[PDB]
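Student: Mind looking over this structure? Questions follow.
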Amino acid sequence: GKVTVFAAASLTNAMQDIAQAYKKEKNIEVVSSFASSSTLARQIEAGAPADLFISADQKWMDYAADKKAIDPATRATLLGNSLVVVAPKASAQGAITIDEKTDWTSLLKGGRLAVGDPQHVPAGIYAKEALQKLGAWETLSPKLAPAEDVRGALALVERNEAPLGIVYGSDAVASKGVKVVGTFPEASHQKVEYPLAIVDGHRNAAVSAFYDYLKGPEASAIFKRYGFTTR
Ligand code: MOO
């Protein structure tokens with residue numbers, strides 16, 4: 001048998017490892033299609049034969065639910081991604097406590113904070129949220145190094161060109177050139193969350209069993225290894 005998963009592309013490597021583990025354990029092929037959450041939600045809306053949908057945000061799963069394309073009795077948040085402060089691997093910077101008393105000016109060592117463009121990059125929007133809530137935005141706003149996406153903000157830090165950056169936990173794990181030096185409190189910003197649901201009409205035995213497996217120990221260990229949080 002086989003199960004077809006439409007999963008946000010940020011989950012590519014985790015999902016591929018889970019597929020190989022599930023094959024070797026249950027002898028069932030997991031077929032994954034990776035693309036943006038927007039792309040997959042519209043494909044599912046138009047009737048694509050996906051069995052499961054894992055979105056990188058609640059918004060696009062809300063969209064699929066509004067179009068009656070996913071089974072709402074099966075929807076639940078599968079993963080989180082922490083919002084983290086990263087530094088270049090070679091930096092003297094050690095891990096520090098992130099709270100209302102963090103001395104951001106001293107941590108910047110004369111440089112700028114790398115972020116996704118807070119006008120539209122989600123990691124930047126969330127960075128801005130957390131910094132405003134913690135009362136640091138007044139200090140940090142004139143000291144930003146905005147980037148076109150998370151990868152561009154990561155590149156500033158990997159090349160020692162910015163002393164700090166704000167990315168997701170899974171981005172930090174995928175980048176060998178950066179190290180986590182702090183984690184924002186989850187309530188300082190909107191939660192980064194990956195909901196999972198069975199696509200409407202696809203709640204059969206084999207789909208349901210892989211659906212359950214994604215929440216079990218083997219899949220959870222793989223997600224954590226890639227820097228996601230589990231539920
Ligand atoms: O899958 Mo997305 O484009 O990161 O929301």
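Every chain in the structure tokens has a letter given in the order shown (A, B, ...), and although residue numbers restart at 1 in each chain, ligands are simply numbered from 1 in the order shown.
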Pick out the residues sitting within 7 Å of region 163-175 of chain A, and hand them over as a ChimeraX atom specification; count only C-alpha atoms, and ignore anything fewer than 3 positions along from it in its own chain.

Tutor: /A:81-88,108,111-115,123,127,150,153-154,157,160,178-180,226-228

Student: Taking only C-alpha atoms and all ligand atoms into account, list the residues no farther than 7 Å from ligand 1, as JSON, numbers by chain.

Tutor: {"A": [8, 9, 10, 35, 36, 37, 38, 55, 56, 57]}

Student: From the options A:181, A:221, A:130, A:3, which residue's atoms come nearest to residue 27 (chain A), counting only C-alpha atoms?

Tutor: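 Selected residue with least distance to residue 27 (chain A): A:3.
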
Student: Would you please give, as an NGL selection string, all residues of region 87-214 of chain A that DSSP assigns to helix (DSSP H, G or I) based on the backbone?

Tutor: :A and (104-108 or 122-133 or 137-143 or 150-158 or 169-174 or 186-188 or 205-213)

Student: Just to confirm, what's the straight-line distance from CA of residue 50 (chain A) to CA of residue 230 (chain A) in Å (one decimal)?

Tutor: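 Rounded to one decimal, the two atoms are 22.9 Å apart.
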
Student: I'd like to know which of A:206, A:121, A:72, A:220 is closest to residue 4 (chain A), using only C-alpha atoms.

Tutor: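 Among the listed residues, the smallest separation from residue 4 (chain A) belongs to A:206.
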
Student: Select from region 38-228 of chain A everything DSSP, run on the backbone, classes as strand (DSSP E), then give the selection as a ChimeraX atom specification.

Tutor: /A:52-54,76-81,83-88,113-116,144-147,164-168,178-183,192-198

Student: For residue 214 (chain A), please output as a PyMOL selection string all residues within 9 Å (counting only C-alpha atoms; exclusion window: fewer than 5 positions along the same chain).

Tutor: chain A and resi 18+78+209+219-220

Student: One decimal, in Å: what's the spacing between CA of residue 189 (chain A) and CA of residue 95 (chain A)?

Tutor: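 If I compute the distance from CA of residue 189 (chain A) to CA of residue 95 (chain A), I get 20.6 Å.
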
Student: Between A:77, A:60, A:41, A:49, which one has atoms that come closest to residue 193 (chain A), using only C-alpha atoms?

Tutor: A:77

Student: May I ask which of the residues A:70, A:31, A:44, A:76 is the closest one to residue 195 (chain A), counting only C-alpha atoms?

Tutor: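 So, comparing all the options, the nearest one is A:76.
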
Student: How far is it from CA of residue 222 (chain A) to CA of residue 159 (chain A), in Å with one decimal?

Tutor: 28.3 Å

Student: From the options A:48, A:187, A:65, A:30, which residue's atoms come nearest to residue 133 (chain A), counting only C-alpha atoms?

Tutor: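 Distance minimum relative to residue 133 (chain A) lands on A:187.
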
Student: Set the distance at 12 Å and use only C-alpha atoms: which residues neighbour residue 25 (chain A) once local chain neighbours fewer than 4 positions away are removed? I'd like the list as a list in words.

Tutor: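 Neighbouring residues, sequence-local ones excluded: residues 18, 19, 20, 21, 29, 30, 210, 213 and 218 of chain A.
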
Student: Go ahead and save the residues from that selection, with N, CA, C and O atoms, as a short mmCIF file (atom, residue, chain, number, x, y, z; two decimals), in the first residue's frame.

Tutor:
data_model
loop_
_atom_site.label_atom_id
_atom_site.label_comp_id
_atom_site.auth_asym_id
_atom_site.auth_seq_id
_atom_site.Cartn_x
_atom_site.Cartn_y
_atom_site.Cartn_z
N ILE A 18 11.52 9.91 7.73
CA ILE A 18 10.36 9.20 8.27
C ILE A 18 9.83 8.19 7.27
O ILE A 18 9.45 7.07 7.64
N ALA A 19 9.78 8.57 5.99
CA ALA A 19 9.34 7.63 4.96
C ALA A 19 10.20 6.37 4.94
O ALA A 19 9.68 5.25 4.86
N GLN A 20 11.53 6.53 5.02
CA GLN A 20 12.37 5.34 4.96
C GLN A 20 12.18 4.49 6.21
O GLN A 20 12.19 3.25 6.13
N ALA A 21 11.96 5.12 7.37
CA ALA A 21 11.77 4.35 8.59
C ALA A 21 10.44 3.60 8.56
O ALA A 21 10.37 2.44 8.98
N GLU A 29 4.83 2.29 1.27
CA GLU A 29 5.52 3.41 0.65
C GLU A 29 4.82 4.72 0.98
O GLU A 29 3.63 4.89 0.71
N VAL A 30 5.57 5.67 1.54
CA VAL A 30 5.07 7.01 1.77
C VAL A 30 5.59 7.90 0.65
O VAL A 30 6.80 8.08 0.51
N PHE A 210 -0.51 5.89 9.21
CA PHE A 210 0.66 6.76 9.07
C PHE A 210 0.41 8.09 9.76
O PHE A 210 1.31 8.63 10.41
N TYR A 213 1.33 7.39 13.17
CA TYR A 213 2.78 7.21 13.29
C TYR A 213 3.51 8.55 13.33
O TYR A 213 4.53 8.68 14.03
N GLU A 218 9.16 7.33 16.86
CA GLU A 218 10.19 7.32 15.82
C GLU A 218 10.14 8.61 15.01
O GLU A 218 11.17 9.24 14.75
#

Student: Counting only C-alpha atoms, which residue out of A:61, A:98, A:190, A:6 sits closest to residue 125 (chain A)?

Tutor: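 Of all the options, A:190 lies closest to residue 125 (chain A).
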
Student: Determine, counting only C-alpha atoms, which protein, DNA and RNA residues have an atom within 10 Å of an atom of residue 136 (chain A); residues of the same chain fewer than 3 positions away are not included. Present the result as a ChimeraX atom specification.

Tutor: /A:99-105,128,130-133,139-141
